[PDB]
């Protein structure tokens, strides 16, 4: 509350460390469905169904330009990529499996770097 604060967690490396995580996600062999925005002209149903499209290149641009206020808003966009994937793709598909795999990969790096 006013003049009453928990001890200050050092967040000075968060930007650099999110960048590193994102580099590792970008280079994963199963990243291919997520590298670029889904083409809304060429994929019927995507624009209407997926209200907030997100992809690794959009996260990279937001990160590089100071549009994440804190490490949680970063995690929320990474998770959005996978939530969108699950919304649109059957579990028993190459893309559906890719999304599950990458979400696992992410969640471990997130826990190991920050928890």
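Numbering (the deposited numbering), first residue to last: 1856 to 1970.
C-beta: ideal position from N, C-alpha, C; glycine also.
Reference residue i, options the options, closest by Cα
i: residue 1967; options: 1862, 1875 and 1863; result: 1875
i: residue 1965; options: 1952, 1944, 1942 and 1929; result: 1929
i: residue 1951; options: 1887, 1924 and 1879; result: 1887
i: residue 1895; options: 1961, 1908, 1881 and 1889; result: 1908
i: residue 1901; options: 1873, 1940 and 1957; result: 1940
Spatial distance of residue i from residue j (CA atoms)
i: residue 1867; j: residue 1910; result: 25 Å
i: residue 1971; j: residue 1937; result: Past the boundaries of the shown model lies residue 1971; the chain is included only from 1856 to 1970, so the question cannot be answered.
i: residue 1962; j: residue 1891; result: 21 Å
i: residue 1945; j: residue 1858; result: 51 Å
i: residue 1865; j: residue 1912; result: 27 Å
i: residue 1919; j: residue 1877; result: 11 Å
i: residue 1906; j: residue 1871; result: 29 Å
i: residue 1882; j: residue 1856; result: 43 Å
i: residue 1960; j: residue 1948; result: 18 Å
Cβ pair residue i, residue j closer than 8 Å
i: residue 1933; j: residue 1914; result: yes
i: residue 1869; j: residue 1953; result: no
i: residue 1898; j: residue 1942; result: no
Minimum Cβ-Cβ distance from residue i to chain C less than 8 Å
i: residue 1935; result: Here there is only one protein chain, and chain C is not present.
Integer Cβ distance of residue i from residue j, believed to fall under 8 Å
i: residue 1969; j: residue 1931; result: Between residue 1931 and residue 1969 the Cβ distance is about 14 Å, and since that is not below 8 Å, they are no contact.
Enumerated in chain order, which unbroken segments of the alpha helix (DSSP H) with a length of 4 residues or greater are wholly contained in the segment 1883 to 1934?
1901 to 1904 and 1911 to 1919
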